[PDB]
Visitor: 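The following block contains the structure, expressed as structure tokens.
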Amino acid sequence: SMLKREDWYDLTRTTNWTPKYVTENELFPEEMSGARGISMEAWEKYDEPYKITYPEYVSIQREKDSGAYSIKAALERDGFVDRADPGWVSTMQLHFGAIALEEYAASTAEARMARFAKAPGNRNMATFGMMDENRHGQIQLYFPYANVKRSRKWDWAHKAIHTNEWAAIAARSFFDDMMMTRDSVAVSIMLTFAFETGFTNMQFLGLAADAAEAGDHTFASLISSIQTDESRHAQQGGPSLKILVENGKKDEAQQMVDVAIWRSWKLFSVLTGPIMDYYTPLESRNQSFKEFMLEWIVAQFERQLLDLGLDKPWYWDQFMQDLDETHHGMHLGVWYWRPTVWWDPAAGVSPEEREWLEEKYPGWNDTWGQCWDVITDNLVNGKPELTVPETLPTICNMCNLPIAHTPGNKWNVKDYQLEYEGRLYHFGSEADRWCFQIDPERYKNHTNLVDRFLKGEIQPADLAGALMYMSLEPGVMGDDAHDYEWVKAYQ
Amino acid sequence: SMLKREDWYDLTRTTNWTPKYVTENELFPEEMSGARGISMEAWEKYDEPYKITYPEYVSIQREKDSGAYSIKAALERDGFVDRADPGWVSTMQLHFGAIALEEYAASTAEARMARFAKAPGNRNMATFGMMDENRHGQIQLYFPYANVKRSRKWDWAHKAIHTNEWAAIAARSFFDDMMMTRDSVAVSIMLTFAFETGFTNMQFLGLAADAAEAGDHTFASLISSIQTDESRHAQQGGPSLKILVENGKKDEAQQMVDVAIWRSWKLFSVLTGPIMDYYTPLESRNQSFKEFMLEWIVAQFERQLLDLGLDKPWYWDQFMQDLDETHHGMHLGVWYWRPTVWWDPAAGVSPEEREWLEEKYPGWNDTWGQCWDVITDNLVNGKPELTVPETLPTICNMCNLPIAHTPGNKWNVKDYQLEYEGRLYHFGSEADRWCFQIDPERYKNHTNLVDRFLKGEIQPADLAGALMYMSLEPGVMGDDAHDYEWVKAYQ
Amino acid sequence: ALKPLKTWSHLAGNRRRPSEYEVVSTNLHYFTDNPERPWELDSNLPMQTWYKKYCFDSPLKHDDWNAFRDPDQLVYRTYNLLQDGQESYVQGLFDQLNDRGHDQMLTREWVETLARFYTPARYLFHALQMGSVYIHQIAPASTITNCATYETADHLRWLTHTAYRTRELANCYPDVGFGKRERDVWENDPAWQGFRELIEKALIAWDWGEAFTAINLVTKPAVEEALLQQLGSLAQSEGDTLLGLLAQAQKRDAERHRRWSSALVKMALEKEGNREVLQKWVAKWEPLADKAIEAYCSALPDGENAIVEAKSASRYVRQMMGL
Amino acid sequence: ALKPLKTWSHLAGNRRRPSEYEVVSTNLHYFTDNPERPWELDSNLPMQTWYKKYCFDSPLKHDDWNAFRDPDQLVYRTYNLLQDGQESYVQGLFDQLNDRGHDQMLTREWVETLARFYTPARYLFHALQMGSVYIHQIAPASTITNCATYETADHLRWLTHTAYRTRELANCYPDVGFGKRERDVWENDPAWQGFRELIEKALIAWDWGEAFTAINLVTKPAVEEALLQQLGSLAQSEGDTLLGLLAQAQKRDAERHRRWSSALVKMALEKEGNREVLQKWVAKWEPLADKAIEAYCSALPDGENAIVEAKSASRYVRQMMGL
Amino acid sequence: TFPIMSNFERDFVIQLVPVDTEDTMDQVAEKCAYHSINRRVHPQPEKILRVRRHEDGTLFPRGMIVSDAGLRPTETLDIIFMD
Amino acid sequence: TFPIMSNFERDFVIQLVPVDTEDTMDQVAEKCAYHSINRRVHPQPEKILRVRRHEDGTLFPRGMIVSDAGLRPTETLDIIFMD
Ligand SMILES: [Mn+2]
Ligand SMILES: [Mn+2]
Ligand SMILES: [Mn+2]
Ligand SMILES: [Mn+2]
């Protein structure tokens, strides 16, 4: 017979001991551990909500891949990707390039806790999380690999994060800040709690649904499977936060959550928002990006923050408001600067789509609809040349994204500048500038693409030069997803 | 370390022994064993071409189901079956009802060899084949089970073979003759060699392709997986035949092959031929039923028969010729008598389709096209009542299928009658009557649907009564697959 | 018009939603639809007669054999998951005990014991394989047949282990005759003649009920107690941990066969007269089982004690079924 | 316009089609793209400095660490298939040896031996888990990291076996303290202090090269020979076939770790000067390994002999690598 | 009642057709035409339908009755277009 | 050359716009309009474009030159429609 798991589980995490041949601080350096004065004994109260043992893991994860890889091989020669909507295809290329290697990097972020966490239970769970991200990085390379002969863009699934293309810089800015350069406790909070439990756990659920709605079962199976692993290791932040509040560190806990959530939000506003409000066909849009955020992200954050004795971030209302603008600014930026990304941005501003947008965002056409009016007329009158840039947009020195906002009638674009130690910084929001000020030593000498351009680090110092600097060439350089098909509807 | 399979395989089949407490004939009764005078030592030269051990089997078959069931669950809620072409849907309903329980019955046919075969190697391979058909019967019940709430017809996946609906009688006639009522050696020949290796091994390959072409990946995965098992146990007949020829039984071997092949052909002419020449959309037709037969079935039979020292059946040329008629007769019969089957027969005689048919079968419209002309005019002129029967067609007393052939200008319908012991029998071909005459004691007192009707065993003795006798009611009763949509093309 | 149901029509009438097991295993035999003519051919064919006499006219009766349910509820899909795990265990044992040279440290006395009492079982195990596969093709219901189907696979499984193991033994002790002498031992060693007579006679009991009784209720417990329990228990004592563990791993399949056999008997006892029918068959076969156990175990060390325990344990199997 | 390739652009230039292993495991670390500023933030952050000092400035050098290839070519998908099979074997052993009451027939002397020399290893195994997971996050190439990734999982695997096994032992011998006394034994028993000092010091060697050497080349062979080989060999002798087989099953993972470690060293020896760099680290750590082995094995029965064999076998690991 | 199998000219299938032992070949042919003409065979007013035993080919007189032609029940008959 | 960030009225994004230290607010505004007017902002011939420091709001004289307004490189300026 076998023992019941509950009868022996505790022993698997009864691994802390009192160092003697080296000191505790030597064994667990604060910069990597982040125990923050809390005793080892106190960190031992850490108790993971989702437990799992080695044997259960290898068995269950074996079947998950058996299924995912079996689905992929069964539909392989079906070549769905060839008849899929360009908005969808673009959605996948953006997804893989932006995330494949960050998934792999997350295994190191997990390894950080697995090694330096004073909480024994956190160390084992992080070992499994490490294994999960290893899977995620690998499976999200194996799948897109199937399309490399279709377009060079699929090569960015692997190449993207190795380039200085602006979106790649933005991604690395986020990820490195949240998980690669933080102590163990900080990672469990900013990454597993704030980003995974807070955003991706649900996003992936919605992504898997859209893939299914798009007819891409291979991709839907992929995302669903990955999501089940995330739902498991994302739990690590909860207990860390309780322990910090439970002691004398509620402020530190609060500050990390505030930073983490805002940064996750910014990245989210450029990578997900545009997709559901413009790339997914109108008939396949369940809800708007704003609705999705409220019904599946904001209510949960408040829920969670309450159970932990934490407060809503000071920027919560602004955040609530920004759900009506930000992602529209990000989409317009990406589309207008489409040759600077590796996927084909879908305009999504046809008559049918334009009213859907006014319906979901009253006041859209009065503001955003304006910029799009000009762009549309130019295309109708044979002036494409005016729908692509001849300069670089101002980049935020925190989220490394373009500083944009409400245009047209209700114009309200602003720049929260800041001069620090003889240099001028630009921020796309109050929160972005705050993130910097509360911890300037962490971002001080970093330079965004524009800073580098202004410093002469991009040569030749012109558009063509900026493109080579970002490793972009015709073939991968983005253009309108539906090849301006949506223009015919305007005479 | 582990041993190489080749080092110990022989021992797994070194199981024959000399009985002492009972006699060999008692242990291996001729009626079940069919050793036919060949010694046990001589049967021991049996050497399977495809070997497999228990451990390899359970491991490999575990993954086959992991994949098939994983595909099915991933596409389940996609509900492809709801948007699939009616010709396809009908193809599946016909397939399941006609084969699910015959697949299960085949495990007993395998069990017959596993127990009564004097060849040790045949006994083990039959044990695995028994397990294969157990899988086939079960998996082909589990899959259609998913659609029982869509239509009562899906219930026939389980019910069909329990009824006296004519197609069910035809199927049981074939299967019981070939595998349920034959000695072990006879089963290995007539079933695994003649039917599986000879017809189904390739058919399933083509079926899996069409499913893929139809967009039904769940079904394509199903058929592909099953096919791999068949490709394995279908090998059993080869060695049996060699041993019989190798000794003094080439005639007996020849006679079984001739019977088996013709009967397999007849069933095949009603269940598969119509499907690829009329149910599969025109744009998805790789080749014609006749082409498929020549390129994938007839050449192989000759190939095989040569390597074994056997001759082509005496009816080979007639068979070659019949590829231009038979299945067209079966299709017209099924369609005209559509309310007597459990699926919706597709007419497949629209302008576009009619020339495809003339293209693949020159002289079609001159003959078959005639009967269809009248049927079409009647429908155009509001006389549907003349496109459904008011009588029963003459049924063959061997294959239990309607006696039909070339109509119209080149009219050539014939009936190879035979009076035996005071009774008149009807046969749809020379070969059908021969099958009976070479072994009359095997079919003598059997009665087909018409015989039963004429004997007063169907009451009330009219159409409505025949329908209840066959367990058919509105809802499952067949009608035109595309609801006569193809009629609009005729004014 | 007929409206679609939620389950198969023959299961429409259940309080609870049918399980996969019921969906893929029930009411599948069609030869029972026409007791007067099981197969769709002439009613006088030899096979027509065989099923009428050995299936339909069996003294073990019931009005609805299709109601039988496998207590383990095995389906092909779950059978393989289950056995693939068990084979990973057994094959792992083979591989790693081989690695530490487990066979080389066996004594000469024990190796000879293996040659006489262990490797020849490949014949008895295949005989059970034949015995259970016949039950498969003559049983009155598809749920009963399936139990016989999986059991047959387990018997082939034991044969296979034995075959593999005989090869390994012949490699380290080529002069013993492993692989070559088993047949003559099975056919002429007085230690095996008890079992051989038993199974040879059992193999020609064509009545599905008597076959079930002779094979599953009488012969198997006798074989399992003698070859797996006793010889396995002795193997452990003599330093052969591989056989000791191998036998116990096979006992797991044997125990599952007992579970469905016990369920079938239980169902049979629902009808008046069946207990008596079963006891009469047991009373007929039991004497041969006793003889088989005595001839085998008596030749083993501490033989008399092996006989008492085997007889007792095998009889206990039927007692717990109410006989 | 750029034309699509047949493989990843960084693999376009191979004679043969890239394997799944190469497709999902190569050139994935991006922190090595900017040695002057590994992370996309201020170049003076503590983590920026940690990677420059412990990864980039390691004395173990090579111009293309991304060229490293795991000889076993493990990927997550194949790692799980592999280990799920091995766990079916180990878990099968637990289940069935428990069934035949394997623990109840252990002598009191051996049970106490298990309390002192066996169950406390949960601390040393988790320490290796920590040791290898650190190698994971500081190694210069993704193919090297992955090897450390899977190795970490194996270490957690050994911990797990030990945890489970400690529970079972505490059930049949509740007065020994199984489950409660391990920490104090690990921290105060002179038999363990050799290993404890070794791993505690090894755990703070931040240089990726020295970490690899101290953990994979020096500490592990010493732990594996002492705890798996010696104690396991003794277990077999004392009648504990479970531990004897369990240890051998873990040795399989240990052997795989040696295989990739040997490959990494081989690659390192391509560059002039690395052999000397490696020998200097080995020369620094070897003395602590010797001390660990002596303190552990000397306390075991026939202790002096266990010391000689462990020392010899562990040193052989590095000799076969050319040191 | 007397059953015969109708192999109507130009049709594709032979079918069961109940007739009377009193009917004449003409009336038999009329009962057969019902199941073929205008169903899947074009009429031919410019011709006459004849009844002949399918096996030996014998052609029966239009006014001859079923009972005189002998015939075995279920006997197959060809119904053909003539003059 | 001197770089400034252009936050053109009615547009949605602030952008990099190179100007000369000699240019006047008028000419600066003309260099900014190039990247906004007719690209994503409708012209307004019936109005004048003014240049004001985004941070404090200061409005600069149309004829005043970049070099006199002081300004920090990359300084953000609002280009607005007036009279
Ligand atoms: Mn992940
Ligand atoms: Mn994650
Ligand atoms: Mn099959
Ligand atoms: Mn088959």
Side-chain angles (χ1 to χ4, degrees), chain B residues 325-326 328-333 335-337 367-368 370-378 381 383 385-397 401-419 422-428 449-451 453-455 461, chain E residues 1-21 23 27-47 49-60 66 69-82:
Chain B
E325 314 298 344
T326 305
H328 293 295
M330 294 301 167
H331 175 66
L332 182 48
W335 187 84
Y336 199 80
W337 271 270
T367 57
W368 299 103
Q370 298 289 60
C371 295
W372 283 109
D373 281 337
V374 180
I375 295 172
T376 306
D377 296 324
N378 279 141
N381 301 311
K383 297 183 182 178
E385 61 263 45
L386 300 171
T387 67
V388 290
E390 305 209 8
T391 186
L392 278 177
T394 300
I395 302 292
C396 173
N397 281 289
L401 297 176
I403 290 179
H405 216 243
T406 322
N409 300 307
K410 294 298 179 174
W411 185 55
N412 186 39
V413 173
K414 303 180 174 301
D415 179 24
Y416 305 77
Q417 294 170 294
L418 166 62
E419 191 183 311
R423 176 177 163 189
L424 187 61
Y425 296 88
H426 301 72
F427 297 104
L449 202 53
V450 173
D451 292 310
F453 189 81
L454 296 188
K455 278 178 56 186
Chain E
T1 295
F2 187 74
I4 53 83
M5 298 307 162
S6 170
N7 180 28
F8 215 88
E9 174 169 347
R10 276 195 163 55
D11 204 318
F12 87 107
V13 66
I14 299 179
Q15 40 203 179
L16 175 68
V17 186
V19 300
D20 193 60
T21 60
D23 299 321
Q27 296 166 305
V28 169
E30 210 148 54
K31 289 181 173 177
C32 293
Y34 178 74
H35 299 298
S36 299
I37 301 296
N38 288 299
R39 283 183 182 286
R40 76 188 72 86
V41 179
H42 300 89
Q44 286 179 52
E46 206 200 75
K47 289 183 174 299
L49 296 179
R50 308 308 307 302
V51 176
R52 73 174 174 200
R53 179 186 290 123
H54 184 280
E55 184 163 58
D56 64 3
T58 296
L59 187 57
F60 302 121
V66 179
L71 300 178
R72 304 166 297 188
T74 79
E75 171 82 55
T76 302
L77 304 166
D78 297 317
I79 290 64
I80 55 190
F81 290 110
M82 303 196 95

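The analysis underlying the following values was restricted to heavy atoms, covering all of them including side chains, and did not include hydrogens, waters or symmetry mates. Each chain gets a letter, A, B and so on, in the order the sequences are listed, and its residues count up from 1.
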Visitor: For E:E46, is the CD atom crowded, meaning more than 12 foreign heavy atoms sit under 6.0 Å from it?
Guide: no

Visitor: Hey, mind stepping through E:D78 and B:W411 against side-chain contact (heavy atoms from CB on, under 4.5 Å) and telling me if it holds?
Guide: CA-CA 12 Å; E:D78 297 317; B:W411 185 55; 4.2 Å; yes

Visitor: Would you say that B:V450 contacts E:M5 through its side chain, given a criterion of any heavy-atom pair below 4.5 Å between the two side chains?
Guide: yes

Visitor: Who wins among B:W368, B:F453, B:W372, B:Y416 for the most heavy-atom pairs under 4.5 Å with chain E?
Guide: B:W368

Visitor: Report, by ascending residue number, the residues of residues 29-36 of chain E in heavy-atom contact with chain B at a distance under 4.5 Å; give 'none' if the set is empty.
Guide: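 Answer by number: E:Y34, E:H35.
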
Visitor: Rounded at 0.5 Å granularity, tell me how far CZ in E:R10 sits from SG in B:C371.
Guide: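 Separation between the atoms: 10.5 Å.
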
Visitor: With chain E, which of B:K410, B:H405, B:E390 has the greatest number of heavy-atom pairs at distances under 4.5 Å?
Guide: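 Heavy-atom pair counts peak at B:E390.
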
Visitor: Under 4.5 Å from any heavy atom of chain E, what part of B:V413 do you find: side chain, backbone, both or neither?
Guide: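 Both the backbone and the side chain of B:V413 come within 4.5 Å of chain E.
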
Visitor: Minimum heavy-atom separation for E:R39 and B:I375, please, with both atom names.
Guide: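 Smallest heavy-atom distance, with atoms named: O-CG1, 3.5 Å.
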
Visitor: Tell me, side chain or backbone of B:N409 under 4.5 Å from chain E's heavy atoms, or both, or neither?
Guide: both

Visitor: With a 4.5 angstrom heavy-atom cut-off, could you sort out which part of B:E325 is near chain E: side chain, backbone, both or neither?
Guide: neither

Visitor: Need one label for E:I37: side chain, backbone, both or neither, based on atoms under 4.5 Å from any heavy atom in chain B.
Guide: neither

Visitor: Does any heavy atom of chain E fall under 4.5 Å from the side chain of B:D415, the backbone, both, or neither of them?
Guide: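 Both parts, heavy atoms under 4.5 Å.
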
Visitor: Would you say B:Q417 and E:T76 are linked by a side-chain donor-acceptor pair, where the criterion is simply a distance under 3.5 Å?
Guide: yes

Visitor: Check whether B:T394 reaches the backbone of E:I14 with its side chain - one donor and one acceptor, N or O, closer than 3.5 Å.
Guide: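 Yes, because the side chain of B:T394 sits within donor-acceptor range (under 3.5 Å) of the backbone of E:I14.
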
Visitor: Using 0.5 Å steps for rounding, measure from the CD atom of E:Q15 to the OH atom of B:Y336.
Guide: 8.0 Å

Visitor: Under the rule for side-chain contact (heavy atoms from CB on, under 4.5 Å), what residues qualify as partners of E:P3, not counting sequence neighbours?
Guide: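 For E:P3, the residues satisfying side-chain contact (heavy atoms from CB on, under 4.5 Å) (neighbours in sequence not counted) are B:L454, E:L16, E:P73, E:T74.
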
Visitor: Heavy-atom count around B:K383 NZ within 6.0 Å, excluding the residue itself: above 12?
Guide: no

Visitor: Between CG of B:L332 and CZ of E:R40, what distance do you get to the nearest 0.5 Å?
Guide: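 Result: 6.5 Å between the selected atoms.
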
Visitor: If you take all heavy atoms of E:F12 and B:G329, which pair is closest and at what distance?
Guide: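 Smallest interatomic distance, heavy atoms only, reads CE1-O, 3.0 Å.
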
Visitor: Picking from B:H328, B:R423, B:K414, which has the most non-hydrogen pairs under 4.5 angstrom with chain E?
Guide: B:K414

